[PDB]
Amino acid sequence: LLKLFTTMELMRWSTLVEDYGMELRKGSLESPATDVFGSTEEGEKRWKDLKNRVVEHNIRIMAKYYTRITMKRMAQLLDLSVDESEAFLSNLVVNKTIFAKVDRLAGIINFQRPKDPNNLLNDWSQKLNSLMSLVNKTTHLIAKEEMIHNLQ
Amino acid sequence: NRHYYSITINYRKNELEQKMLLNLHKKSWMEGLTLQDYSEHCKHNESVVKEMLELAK
């Protein structure tokens with residue numbers, strides 16, 4: 001649960017293989033894992049849908065970051081094919097990846113770098129940067145000016 | 001006005017009232033560090049006032 005909680009480091013599911021396997025083996029707790037695999041196809045749908053759901057979820061986590069993990073490298077670190085990464089992109093176009101950048105030339109993607117209107121976006125960055133510099137500059141200024149009063 | 005008259009009124013203002021009330025009122029129309037709301041409207045020239053520029057046209 002805490003690994004599914006937030007800020008998911010891209011982790012190996014082979015580490016989850018022994019977790020789910022002994023999660024079938026032990027009858028100490030959560031005995032109906034064999035009931036999760038109860039139907040011949042349904043637990044397989046839960047399983048491929050499960051690996052699918054986390055392998056989309058972590059992409060939505062690193063999609064917050066603009067750090068550009070360069071998905072041709074990511075498909076190599078994931079040890080999975082880029083064709084099912086195109087299938088992952090078919091899950092992304094219905095998962096609304098619609099604000100992104102792909103390449104005919106490269107295979108590296110960008111989740112950002114919009115058209116960037118300077119009357120909107122660099123407007124906004126310049127606004128909160130300048131203003132927060134001004135008023136954060138304002139407060140501890142007079143506050144430390146009150147702190148030096150107590151040394152007298 | 002019969003049986004009932006009036007008297008003139010003048011004032012007095014010393015320089016502490018003058019400059020205290022004056023910088024009090026200019027400061028009541030100015031900002032704290034005073035550089036604060038400048039870039040705000042400089043960049044509302046890019047966000048808001050462009051609409052008022054088109055409506056002006």
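Because the Cβ atoms are built from the backbone with ideal geometry, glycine has one as well, and the counts that use them run over all protein chains shown. Only the coordinates and a few stated rules stand behind these numbers; no lab work does.
Here are the numbers for the structure shown:
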| read-out | value |
| --- | --- |
| Where B:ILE7 falls short, out of the listed (1) aliphatic (A, V, I, L, M); (2) under 23 Å from A:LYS137 (Cβ atoms); (3) surrounded by fewer than 10 Cβ atoms within 10 Å (Cβ to Cβ) | (2) |
| Residue list for region A:99-119, filter: within 14 Å of another protein chain (Cβ to nearest Cβ) and either at negative phi or loosely packed, with under 10 Cβ neighbours inside 10 Å (or both) | A:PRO117, A:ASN118, A:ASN119 |
| Residue that is nearest to the other protein chains (Cβ to nearest Cβ) [pool: residues in region A:129-145 that are surrounded by 10 or more Cβ atoms within 10 Å (Cβ to Cβ) and charged (D, E, K, R)] | A:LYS137 |
| Selection status of A:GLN126, more than 21 Å from A:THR6 (Cα to Cα), away from chain B (no Cβ under 14 Å) and in a helix (DSSP H, G or I) | no |
| For A:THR97: the one exception among (1) touching a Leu at 6+ places or on another chain (Cβ under 8 Å); (2) closer than 22 Å to A:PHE5 by Cβ | (2) |
| Enumeration of residues in region B:18-57 that are among the charged types (D, E, K, R) and within 12 Å of chain A (Cβ to nearest Cβ) | B:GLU31, B:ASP37, B:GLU40, B:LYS43, B:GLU46, B:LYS50, B:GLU51 |
| Near pairs, Cβ below 8 angstrom, 6+ apart or cross-chain, from region A:1-26 (free of Cβ contacts under 8 Å to residues at least 24 places away in the same chain) to any residue that is of a type in the set (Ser, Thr, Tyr) | A:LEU24/A:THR34 |
